[PDB]
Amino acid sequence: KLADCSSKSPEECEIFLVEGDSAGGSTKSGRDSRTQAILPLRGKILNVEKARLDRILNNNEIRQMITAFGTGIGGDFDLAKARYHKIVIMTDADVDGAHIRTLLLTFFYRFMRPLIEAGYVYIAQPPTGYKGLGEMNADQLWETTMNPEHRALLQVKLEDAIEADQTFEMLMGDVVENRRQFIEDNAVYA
């Protein structure tokens, strides 16, 4: 499913992880095929916090991300072997797109933590509204989200490792009650 870029120099290369195959093919046309790569994700990604190691390593979507990044995972992670210095999370400006983003950040934090530390993980900022990525033209997706001249990328930063470990365990872990307590405490119905 990976549509790689022409350049083999990882310093200038960027990989966009797009939500849906419809937005995948659209981003594949609008991109700068010299420095930009596209890896479409079907939809909802496996939650690594709830899944066991055998299931994680057997998942196709997870495997495709590991192969594309070319760093390895966990203890075998090699930052110098990174195939792209920009891993961009490109999901719809809706609640499900926010969920795929949480699922993707959970995988990167638990298996490719130094990739976030090096500032290689980014979040794409597509136009806000009712329209999803799959509904957009290839030129619209380029000018607003992929073009380095006009795009606004959010660099994912790790401040407190203890706080993040607790945050990933509460929100994505198997314990429902702690997650339910977080929802109840921070819920705004205005």
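Residue numbers here begin at 1 and follow the sequence given. Between two forms, the rigid core is defined as the largest C-alpha subset superposing within 1.5 Å.
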Margin query: Can you check whether 162 to 170 or 13 to 21 lies farther from the displayed model in 8 other deposited structures of this protein, averaging C-alpha distances as RMS after superposing on the core?
Written below: 13 to 21
Margin query: Which is higher on mean Cα B factor in this entry, 5 to 13 or 18 to 26?
Written below: 5 to 13
Notebook entry, point to check: Comparing 84 to 92 with 70 to 78, which stretch shows the greater average C-alpha B-factor in the deposited entry?
Noted result: 70 to 78
Check: Split the chain's modelled residues into thirds by Cα B-factor; is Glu61 in the lowest, middle or highest one?
Finding: middle
Notebook entry, point to check: Within this chain, which third does the Cα B-factor at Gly134 fall in: lowest, middle or highest?
Noted result: middle
Checklist line | Assigned third (lowest, middle, highest) for the C-alpha B factor of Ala124 | finding: middle
Next item on the list: Just say lowest, middle or highest third for the CA B-factor of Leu158 relative to the other modelled residues in its chain.
Entry: highest
Notebook entry, point to check: What third of the chain, by the recorded C-alpha B-factor, contains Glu49?
Noted result: lowest
